[PDB]
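Okay, so here's the structure we're looking at.
Just so you know, all these numbers are worked out from the coordinates, no wet-lab data involved. Counting neighbours? That spans all protein chains shown, and the Cβs are built from the backbone with ideal geometry, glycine included.
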Amino acid sequence: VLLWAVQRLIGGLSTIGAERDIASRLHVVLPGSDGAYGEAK
Amino acid sequence: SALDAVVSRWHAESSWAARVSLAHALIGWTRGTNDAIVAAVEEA
């Protein structure tokens, strides 16, 4: 639900605006929460 | 990253402390599973 879901989400959301307008560069924020920080890293 | 899961589980659970001896070796490169790669890295 974290890794694969958001990675395919980035893929899908970046696919749509690819051929329509070039240099339209998508932006993603990543929620990163020591051991929890290690998992986030 | 694969370490950070199992070793973190080791540090987390106190049952694995007396049941498992977690160990690891950072393996390098092998010449089997070619000669050009070995020559390039031996030049490196």
Those residues of the stretch A:2-31 which are assigned to a loop (DSSP other than H, G, I, E, B), within 14 Å of the chain's Cα centre (by Cα) and away from chain B (no Cβ under 14 Å) amount to A:25, A:26, A:27, A:28, A:29, A:30, A:31
Are any residues in the stretch B:1-33 of a type in the set (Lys, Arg) and within 14 Å of chain A (Cβ to nearest Cβ), and if so, which ones?
B:9
Is it fair to say residue B:41 is farther than 30 Å from residue A:40 by Cα and surrounded by 10 or more Cβ atoms within 10 Å (Cβ to Cβ)?
yes
Given the criterion assigned to a helix (DSSP H, G or I), exposed (fewer than 10 other Cβ atoms within 10 Å of the Cβ) and among the small types (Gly, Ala, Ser), identify the matching residue among B:5, B:17, B:23, B:36.
B:36
List every residue pair whose Cβ atoms lie under 8 Å apart, where the two residues are 6 or more positions apart in sequence or sit on different chains, the first residue falls within the stretch B:23-44 and is within 29 Å of residue B:8 (Cα to Cα), and the second residue, located anywhere, is surrounded by 10 or more Cβ atoms within 10 Å (Cβ to Cβ).
B:24/B:3; B:24/B:7; B:29/B:41
